[PDB]
Amino acid sequence: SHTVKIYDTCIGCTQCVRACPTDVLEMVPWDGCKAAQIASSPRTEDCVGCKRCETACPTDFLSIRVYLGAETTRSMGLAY
Amino acid sequence: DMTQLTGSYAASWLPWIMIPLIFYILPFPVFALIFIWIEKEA
Amino acid sequence: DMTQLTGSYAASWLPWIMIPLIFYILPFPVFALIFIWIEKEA
Amino acid sequence: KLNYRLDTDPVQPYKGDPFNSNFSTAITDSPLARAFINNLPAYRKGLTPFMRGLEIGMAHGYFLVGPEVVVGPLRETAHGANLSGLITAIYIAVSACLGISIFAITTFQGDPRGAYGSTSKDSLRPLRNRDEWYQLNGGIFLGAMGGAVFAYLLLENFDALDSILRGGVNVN
Amino acid sequence: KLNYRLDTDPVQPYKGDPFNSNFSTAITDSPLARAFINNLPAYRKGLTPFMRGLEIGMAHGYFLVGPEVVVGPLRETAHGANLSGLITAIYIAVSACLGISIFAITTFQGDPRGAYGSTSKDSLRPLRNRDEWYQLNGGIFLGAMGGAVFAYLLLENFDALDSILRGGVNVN
Amino acid sequence: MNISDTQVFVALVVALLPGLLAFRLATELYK
Amino acid sequence: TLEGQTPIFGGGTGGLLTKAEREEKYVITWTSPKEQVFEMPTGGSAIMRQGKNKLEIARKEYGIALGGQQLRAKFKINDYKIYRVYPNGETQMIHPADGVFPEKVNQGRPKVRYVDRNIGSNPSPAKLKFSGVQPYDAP
Ligand code: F6C
Ligand code: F6C
Ligand code: CLA
Ligand code: CLA
Ligand code: CLA
Ligand SMILES: CCCCCCCCCCCCCCCC(=O)OC[C@H](COP(=O)(O)OC[C@@H](O)CO)OC(=O)CCCCCCCCCCCCCCC
Ligand SMILES: CC1=C(/C=C/C(C)=C/C=C/C(C)=C/C=C/C=C(C)/C=C/C=C(C)/C=C/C2=C(C)CCCC2(C)C)C(C)(C)CCC1
Ligand SMILES: CC1=C(/C=C/C(C)=C/C=C/C(C)=C/C=C/C=C(C)/C=C/C=C(C)/C=C/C2=C(C)CCCC2(C)C)C(C)(C)CCC1
Ligand SMILES: CC1=C(/C=C/C(C)=C/C=C/C(C)=C/C=C/C=C(C)/C=C/C=C(C)/C=C/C2=C(C)CCCC2(C)C)C(C)(C)CCC1
Ligand SMILES: CC1=C(/C=C/C(C)=C/C=C/C(C)=C/C=C/C=C(C)/C=C/C=C(C)/C=C/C2=C(C)CCCC2(C)C)C(C)(C)CCC1
Ligand SMILES: CC1=C(/C=C/C(C)=C/C=C/C(C)=C/C=C/C=C(C)/C=C/C=C(C)/C=C/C2=C(C)CCCC2(C)C)C(C)(C)CCC1
Ligand SMILES: CC1=C(/C=C/C(C)=C\C=C\C(C)=C\C=C\C=C(C)\C=C\C=C(C)\C=C\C2=C(C)CCCC2(C)C)C(C)(C)CCC1
Ligand code: SF4
Ligand code: SF4
Ligand SMILES: [Ca+2]
Ligand SMILES: [Ca+2]
C-alpha cells in the first residue's frame with residue numbers, strides 16, 4: 001500500500017480530504033493550527049496514489065505527502 | 001474417360017465431397033442428434 | 001553444391017542438430033521452467 | 001415521466017442480473033447459441049475431462065495439418081508437403097499441451113487466483129480441479145496426435161482416396 | 001573425550017533419521033537432485049496417474065526405436081531397419097505394460113505386501129492404489145506407442161527431414 | 001587446416017566444467 | 001444483509017467481474033426522496049427508485065464518486081453508505097467510517113501517520129542506510 005504522511009504545517013483546510021477519491025483521509029481534532037484540526041490518513045490501504053490531496057494542499061511546501069509503495073489490487077485501481 | 005466418376009459441369013468436385021457428406025458422413029451425427037432429442041428426460 | 005546448408009569444418013552435423021535444439025526445441029521447455037519458477041506460491 | 005421500458009426491451013440483462021457485465025443477446029443467450037456452445041465438448045454435461053480433451057484434440061489436430069500442406073514451403077511435392085503439415089500440427093499441439101501442463105501446475109496452488117478460485121462463479125470455466133486439467137491435457141494430446149495423423153494418412157493416400165471417391169477402384 | 005563431530009559432517013543422516021538405511025548425499029538430498037527427481041513425471045506433484053504414464057511412455061517409446069535401426073539385423077536397408085526398430089519398441093513396451101497389469105493384479109489384493117501396504121511410508125513408491133496403477137498403465141502404453149511411431153515417422157522420412165534441416169526444400 | 005572432430009568433442013566436454021561451476025555459482029548467489 | 005432495491009438498469013458492460021466473486025465487492029446504499037435518473041459510475045444511466053436503493057460496484061472509488069459527486073452534490077442526498085462485501089459473506093461498513101463524513105472534524109478520531117515536523121526536516125537517506133526506515137518514517 002501507499003504511505004500518506006501529514007506534517008505539522010497543516011492548516012486544517014480540509015481540502016485534501018474533500019479531494020480524495022477513495023476516502024483515505026479524515027479531519028481529526030488538533031491544536032497546532034488556527035482551524036484546530038489536522039488531516040489524518042487512517043485508510044492508506046485504500047489509497048490509489050492519485051495525489052489529488054497534494055494538488056489540493058495550499059501550504060508551501062506540502063503538508064500532506066504520498067509515497068508510492070507496494071502495489072495491491074485496490075492501490076492499482078483494478079476493477080478486475 | 002469413362003473409368004471414373006467425372007463432371008463437365010461447373011465445380012465437379014462438389015458432388016465428390018457432398019455425396020459422402022450427406023449420405024455416409026453427417027447422417028450418423030444427425031441420427032445421434034435426433035436420438036438425444038427423443039430420449040431427453042422431462 | 002550451394003543448394004543446401006553444409007559444413008566443411010569438423011563435425012558439420014553439429015549445427016544440423018544444435019540450431020534446432022537451442023532455437024526451437026529447448027526454448028519452450030526453458031520458458032516452461034521459468035514460468036513455473038516465477039509463479040510458485042510462497 | 002421516466003420510462004426505461006425494460007419490459008419490452010429486445011436485449012435483457014444477462015441471466016436477470018443487470019450488474020454482471022453482460023447482456024442477453026442472440027450470441028450469448030439465444031436457444032440455438034446456448035445449445036451449440038453448451039454441447040461443445042468443452043461444456044457438454046456429464047463428459048469426463050479426458051473425453052472432453054479427446055474430442056477437442058481430434059478436431060483441432062485434424063485441421064491444423066492443412067495450412068502447411070497447401071501454402072507451406074514443401075508444397076511443391078505431395079510427400080514433402082504432407083510431412084511438413086503433420087509436423088506443424090504435432091509441434092503446435094505439443095506446445096499447447098506443454099502450456100496446458102504448466103497452466104495446471106501454476107494455477108492450482110492453494111486456493112487458485114481469479115476465475116479458478118473456490119468462490120468464483122465463472123460458468124464459462126468449469127474445470128475447477130487440478131485433476132480435471134491433467135485428464136483434459138492427456139485427452140488433448142492424444143486426440144490432437146490422432147487427428148493430425150488421420151489427416152496425414154488421408155492426404156498421403158489422396159491419389160488412392162480420389163480414385164476411391166470416383167469409383168476408379170472398380171475397374172478391376 | 002568422544003567426538004563424533006556429526007554437527008560438522010558433510011554427509012548427514014537422511015531426513016534426520018539415522019536408522020532408515022540412507023544417507024543425505026549429493027545424489028539423494030542435494031537441491032538439484034531433489035528438484036530433478038521429484039519433478040520427473042513419476043513423482044511430479046499433482047499429476048494424474050494417466051498423465052504420468054503418458055510422459056514416461058512418450059520418452060521411452062521414442063528412444064527404444066533407435067538401437068535396432070542402427071545395429072539391428074535389418075540395418076542394411078533404411079526401410080527395413082526402421083520397421084524392425086518400431087516393432088522392437090512395440091514388443092518391449094507391450095511386454096512392459098503386460099507386466100505392469102499383472103503387477104497391479106497381484107500386488108493389490110487385500111492389504112498389499114511390502115512397500116504398497118497401508119502402513120508403508122515408501123516415499124519412492126507413491127502409487128498406493130490399484131486404480132492409479134491402471135491409469136498409469138494406460139498412459140504408459142499409449143505414450144510408448146506414440147513415441148515409437150513418432151521416432152518411426154522421423155526415421156522413415158529422414159531424407160525429407162535432412163533436406164528440411166538444411167534448407168534443401170527452398171530450391172523450389 | 002582447422003581443428004578435427006576429436007578437438008571439437010574435447011572442447012565440448014571441457015566446457016562442461018565451467019558449465020557445472022556456473023550453475024554452482026548461480027545457485028549460491030541465489031541464496 | 002444489505003437491504004434496498006436496485007436502481008432500474010437494463011444491463012451494462014461496466015459492471016462486476018470475477019474480482020467481485022473472488023476477492024471483494026462494494027455496495028453503496030442510499031435513500032432518495034423521489035425517482036430520478038443518475039449516471040452509473042462505469043457508464044450509462046440508471047433510475048434510482050422512490051425509497052432506498054442498493055447498488056453493487058466493483059471498486060470503492062465508484063461509491064465515493066457516485067455518493068460524493070452525484071448524490072450529495074446534485075441530488076442533495078447525504079445518507080449514503082458504502083460497504084465492503086467479501087466472498088465469504090461478511091459485510092463491513094467503510095464509508096462514512098464513524099457515521100460522520102471525513103471532511104467534518106469529529107471527536108475521538110486519532111492522528112494517524114502524523115509527522116511532528118515540517119517536511120523539509122526529513123533526514124537524508126544516507127543516515128538511514130541498511131536500517132530499513134524511510135526518511136519520512138524516521139522519528
Ligand atoms: C490456411 C488455411 C487452410 C488451409 C490451407 O490452404 C487448409 C487446407 C486443407 C487441405 C490440406 C485439406 C483439403 C485437401 C483437399 O481438397 O483434398 C483432400 C480432401 C479430402 C481427403 C476430404 C475427403 C473427405 C473427408 C475424409 C470427410 C471429412 C470427415 C470429417 C472430418 C468428419 C466430420 C465429423 C463431424 C460431423 C464434424 C483440408 C481439409 C480440411 N480442412 Mg482445412 N485448411 C485451412 C484452414 C481450415 C480451417 C480454419 C478449418 C476449420 C477448423 C478447416 C477444416 C478442414 C476440414 C474439416 C477438412 C478436411 O476434411 C480436409 C482434409 O484434411 O482432408 C484430409 N481448415 N484443409
Ligand atoms: C544402442 C544404443 C542406441 C542406438 C543405436 O546405436 C540409438 C540410435 C539412434 C538413431 C536411430 C537416432 C538418430 C538417427 C540420426 O542420427 O538421425 C536422425 C535424427 C533426427 C531425425 C533428429 C531430428 C531432431 C529431433 C526431431 C529433435 C529431438 C526432439 C526431442 C525428442 C524433443 C525433446 C523434448 C524434451 C526437451 C526432452 C536416435 C535418436 C535419439 N536417441 Mg538414440 N540410440 C541409442 C540409445 C539411446 C539412449 C540410451 C537414449 C537416451 C534415452 C537415446 C536418446 C535419443 C534421442 C532423444 C534421440 C533422437 O532425437 C534421435 C531420433 O530418434 O530421431 C528420430 N538413444 N537414436
Ligand atoms: C429440393 C430441392 C433439391 C433437390 C431435391 C436436390 C437434389 C439433389 N442435389 Mg441439389 N441443390 C438445390 C436443390 C435441390 N437439389 C439447390 C437449390 C442448390 C443450390 C444451393 C443445390 C446444389 C447442389 C449441389 C452443389 C449438389 C447438389 C446435389 C444433389 C443430388 C444429391 C443430393 C445432394 O448432395 O444435395 C446437396 C444439396 C445442397 C448442396 C443444397 C440443397 C439446398 C436445397 C434448397 C435444400 C432443400 C431442402 C428440402 C426442400 C427440405 C426437405 C424437407 C423434408 C421433409 C423432405 C440430388 C440429385 C449434388 C449432385 O449434383 O450430385 C450429383 C451436389 O454436389 N445440389
Ligand atoms: C560465449 C561464447 C560463445 C558464443 C557467443 C557462441 C556462439 C555460437 N555458437 Mg558456439 N561454442 C562456444 C562458445 C560460443 N559460441 C564454445 C566455447 C564451444 C565449445 C564447447 C562452442 C561450440 C559450438 C558448437 C559445437 C556449435 C556452436 C554454434 C554456435 C552458433 C549458434 C549457437 C549455438 O548453437 O550454440 C551452441 C553452443 C554450444 C554447443 C556450447 C556453448 C558453450 C559456451 C561457452 C556457453 C557460453 C554461455 C554464455 C557465456 C552465458 C551467457 C549469459 C547471458 C546473460 C547472455 C553461434 C554463432 C553452432 C554453429 O556453429 O552453428 C553454425 C554449433 O553447432 N558452438
Ligand atoms: C530427462 C528428463 C525428461 C524427459 C526425457 C522429458 C520428456 C518429455 N516431457 Mg518432461 N519434464 C521433465 C523432464 C523430462 N521430460 C522435468 C524435470 C519436468 C519438470 C519441470 C518436466 C515437465 C514437463 C511438462 C510440464 C510437460 C513435459 C512433457 C514432456 C514430453 C514432451 C516434450 C516436452 O514438452 O518437454 C517439456 C520438457 C520440460 C518442460 C522440461 C524438460 C527437462 C529435461 C531435463 C530436458 C532434458 C533435455 C536434454 C537437456 C536434451 C535431450 C534432448 C535432445 C537430445 C533432443 C516429453 C516426452 C509434456 C508432455 O507430457 O506432453 C504431452 C508436458 O506437458 N515435461
Ligand atoms: C543448454 C542450456 C539450457 C538452459 C539452462 C538450464 C536452465 C535450468 C537450469 C536450472 C534448473 C534447476 C534450478 C536449480 C534447482 C533448484 O531447485 O534450486 C533451488 C534454488 C534455491 O531455492 P531456495 O533458496 O528458494 O530454496 C529452496 C530449496 O528447495 C533449495 O535450497 O533456487 C533456484 O531456483 C536456483 C537459482 C535460480 C537459477 C540460477 C540460474 C540457472 C543456471 C544458470 C547456469 C546454467 C549453466 C548451464 C550448464 C550446462
Ligand atoms: C490451447 C488450449 C486451451 C488452453 C490452454 C492454456 C490455458 C494454455 C496456457 C499456456 C501458458 C500458461 C503458457 C505459458 C507460457 C510462458 C512463457 C512464454 C514464459 C516466458 C518466460 C520468459 C521469457 C522469462 C523471462 C525471464 C524472467 C521472467 C526472469 C529471469 C530472466 C528471464 C529473461 C529468463 C484449452 C484448455 C482452452 C483447450 C485446449 C486448447
Ligand atoms: C460452427 C459452424 C460451422 C463450422 C464448423 C467447423 C469449424 C467444422 C470443423 C470440423 C473439423 C475440423 C472436424 C474434424 C474432425 C476430426 C476427426 C473426425 C478426426 C478423427 C481422427 C481419428 C479417427 C484418428 C485416429 C487415429 C488415432 C487416434 C491414433 C492412431 C492413428 C489414427 C489416425 C487411426 C459451419 C461454418 C460449417 C456452419 C455454421 C456453424
Ligand atoms: C517398466 C515400467 C514400470 C513397471 C514395472 C513393473 C512393476 C513390472 C512388473 C513385472 C512383472 C510383475 C512381471 C512378471 C513376470 C512373471 C513371470 C516371468 C512368470 C514366470 C513364470 C513361470 C516360468 C512359471 C513356472 C511354473 C510354475 C511357477 C509352477 C508350474 C510349473 C511352471 C514351470 C509352469 C514402471 C511402473 C516402474 C514405470 C514405467 C515402466
Ligand atoms: C539427465 C540428463 C541428461 C539426459 C537426458 C535424457 C536421457 C534425455 C532423453 C530424452 C528423450 C529420450 C526424449 C524423448 C522425447 C519424446 C517425445 C517428445 C515424443 C513425442 C511423441 C509424439 C508427439 C507422438 C505422437 C503420436 C501419437 C501419440 C499417436 C499418433 C502418432 C503420433 C506419432 C503423432 C543429459 C545426459 C543430456 C544431461 C545431464 C542430465
Ligand atoms: C563430446 C562428447 C560428449 C558430449 C558432450 C556434451 C553433450 C557437452 C555439452 C556441453 C555444453 C552444452 C556445455 C555448456 C556450458 C555452459 C556454460 C559454460 C555456461 C556458463 C554460464 C555462465 C558463466 C553464466 C552464469 C550466470 C551467472 C553466474 C549468474 C546469473 C545467471 C548467469 C547464467 C548469467 C560425451 C561426454 C557425451 C561423450 C564424449 C564426447
Ligand atoms: C474458434 C475459437 C476461437 C476463435 C479463434 C479465431 C477467430 C482465431 C484464432 C486464430 C489462431 C489461434 C491462429 C493460430 C495460428 C498459429 C500459427 C500461425 C502457428 C504457426 C506455427 C509455425 C509456423 C511453427 C513452426 C515450427 C515448426 C513446425 C517446428 C519447429 C520450428 C518452427 C517454430 C518454425 C476462440 C479462441 C475465440 C475461442 C475458441 C474457439
Ligand atoms: S493519493 Fe489519492 S487516494 Fe491517496 S490519499 Fe491522496 S487523494 Fe486519497
Ligand atoms: S490540504 Fe494540506 S493544509 Fe489542508 S487539511 Fe489537507 S494536509 Fe492540511
Ligand atoms: Ca476393385
Ligand atoms: Ca519449397
Side-chain angles (χ1 to χ4, degrees), chain B residues 21 25-26 28-29, chain C residues 18 21-23 25-42, chain D residues 32-33 35-37 39-43 49 52-66 86 89 92-107 115-116 124-127 132-157, chain E residues 29-39 142 145-146 148-150 153, chain F residues 12-13 15-31:
Chain B
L21 274 184
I25 297 299
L26 297 186
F28 289 174
Chain C
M18 282 294 315
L21 273 185
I22 288 162
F23 287 111
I25 292 299
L26 295 190
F28 290 175
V30 167
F31 300 152
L33 294 174
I34 301 161
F35 181 64
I36 294 172
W37 174 46
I38 68 180
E39 298 297 333
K40 190 80 180 53
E41 272 285 310
Chain D
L32 179 58
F36 174 74
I37 291 298
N39 281 279
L40 291 175
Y43 297 116
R52 307 186 182 275
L54 186 63
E55 186 175 354
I56 298 168
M58 291 174 69
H60 284 77
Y62 182 81
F63 82 80
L64 279 176
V65 172
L86 170 65
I92 291 170
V94 167
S95 295
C97 287
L98 177 56
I100 296 182
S101 280
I102 63 184
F103 182 88
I105 289 173
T106 62
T107 296
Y116 285 105
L124 297 182
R125 290 169 181 82
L127 296 193
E132 308 196 272
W133 274 85
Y134 283 129
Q135 281 308 99
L136 171 85
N137 198 25
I140 289 283
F141 173 78
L142 287 173
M145 291 305 114
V149 168
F150 186 53
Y152 172 77
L153 290 185
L154 298 184
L155 290 173
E156 268 292 275
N157 296 271
Chain E
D29 206 54
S30 86
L32 178 58
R34 279 188 283 98
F36 174 71
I37 289 299
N38 295 340
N39 280 274
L142 290 176
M145 294 302 112
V149 163
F150 185 55
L153 291 185
Chain F
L12 283 163
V13 175
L16 285 170
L17 175 72
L20 294 174
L21 293 175
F23 175 85
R24 293 213 77 200
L25 179 54
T27 56
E28 190 65 50
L29 280 165
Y30 194 73
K31 294 176 184 175

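Below, chain A is the first sequence line, B the second, and so on; all start at residue 1. Heavy atoms only: backbone and side chains are in, while hydrogens, waters and symmetry mates are out. Atoms within each ligand, like the ligands themselves, are counted from 1 in listed order.
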Peer 1: Ignoring hydrogens, just give me the one of C:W37, F:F23, E:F36 whose non-hydrogen atom is nearest atom 14 (C) of ligand 6.
Peer 2: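 Shortest heavy-atom distance from atom 14 (C) of ligand 6: F:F23.
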
Peer 1: Which of the numbered atoms in ligand 6 are below 4.0 angstrom from a heavy atom of E:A35?
Peer 2: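 It comes down to these atoms of ligand 6: 17 (O).
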
Peer 1: Give the residue and atom name of whichever protein heavy atom lies nearest to atom 1 (C) of ligand 7, and the separation in Å to one decimal.
Peer 2: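 Here the nearest protein heavy atom works out to D:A96 CB, 4.3 Å.
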
Peer 1: Please write down residue, atom name and distance for the protein heavy atom closest to atom 26 (C) of ligand 7.
Peer 2: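 Going atom by atom, the protein heavy atom closest to atom 26 (C) of ligand 7 ends up being C:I34 CG2, 4.1 Å.
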
Peer 1: Could you tell me, atom by atom, which parts of ligand 7 come under 4.0 Å of a heavy atom of D:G99?
Peer 2: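 Atoms satisfying the 4.0 Å criterion: 8 (C), 9 (C), 10 (C), 11 (C).
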
Peer 1: Minimum distance, heavy atoms only, to atom 4 (C) of ligand 6: which one of F:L25, C:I34, C:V30 is it?
Peer 2: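 Among F:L25, C:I34, C:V30, the closest heavy atom to atom 4 (C) of ligand 6 comes from C:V30.
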
Peer 1: Can you say whether the rings of D:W133 and D:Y116 are parallel (under 30°), tilted (30 to 60°) or perpendicular (over 60°)?
Peer 2: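 It falls in the perpendicular class, over 60°.
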
Peer 1: At a non-hydrogen distance cut-off of under 4.0 Å, which region of D:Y62 contacts ligand 8 (side chain, backbone, both, or neither)?
Peer 2: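 Side chain only.
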
Peer 1: Minimum distance, heavy atoms only, to atom 35 (C) of ligand 7: which one of C:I38, D:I102, D:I100 is it?
Peer 2: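 The residue whose heavy atom sits nearest atom 35 (C) of ligand 7 is D:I100.
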
Peer 1: Considering non-hydrogen atoms of the protein only, which is the closest contact for atom 20 (C) of ligand 7, and what is the distance?
Peer 2: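 I find the closest protein heavy atom is C:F31 CB, 3.8 Å.
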
Peer 1: Should you measure from each heavy atom of D:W133, which atoms of ligand 7 turn up under 4.0 Å away?
Peer 2: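 The list of qualifying atoms is 36 (C).
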
Peer 1: Identify the closest protein heavy atom to atom 29 (C) of ligand 8: which residue and atom is it, and at what distance?
Peer 2: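 The closest heavy atom on the protein side is D:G146 CA, 4.1 Å.
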
Peer 1: Measure C:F28 to ligand 7 on non-hydrogen atoms and call it side chain, backbone, both or neither using the 4.0 Å cut-off.
Peer 2: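 Looking at C:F28 and ligand 7, no heavy atom falls under 4.0 Å.
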
Peer 1: Of all the atoms in ligand 6, which lie at a distance below 4.0 Å from a heavy atom belonging to F:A26?
Peer 2: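 Once the distances to F:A26 are compared, the set is 39 (C), 40 (C).
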
Peer 1: What is the closest protein heavy atom to atom 39 (C) of ligand 7, and at what distance does it sit?
Peer 2: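 Looking only at protein heavy atoms, the one closest to atom 39 (C) of ligand 7 is D:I140 CD1, 3.6 Å.
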
Peer 1: Under 4.0 Å from any heavy atom of F:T27, which atoms of ligand 6 are there?
Peer 2: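 Those atoms are 35 (C).
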
Peer 1: Note the single closest protein heavy atom to atom 30 (C) of ligand 7, along with its residue, its atom name and the distance in Å.
Peer 2: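 Looking at atom 30 (C) of ligand 7, the protein heavy atom closest to it is C:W37 CZ3, 4.2 Å.
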
Peer 1: If you measure from each heavy atom of C:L26 to ligand 6, is any distance below 4.0 Å?
Peer 2: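 Contact check C:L26 vs ligand 6: negative.
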
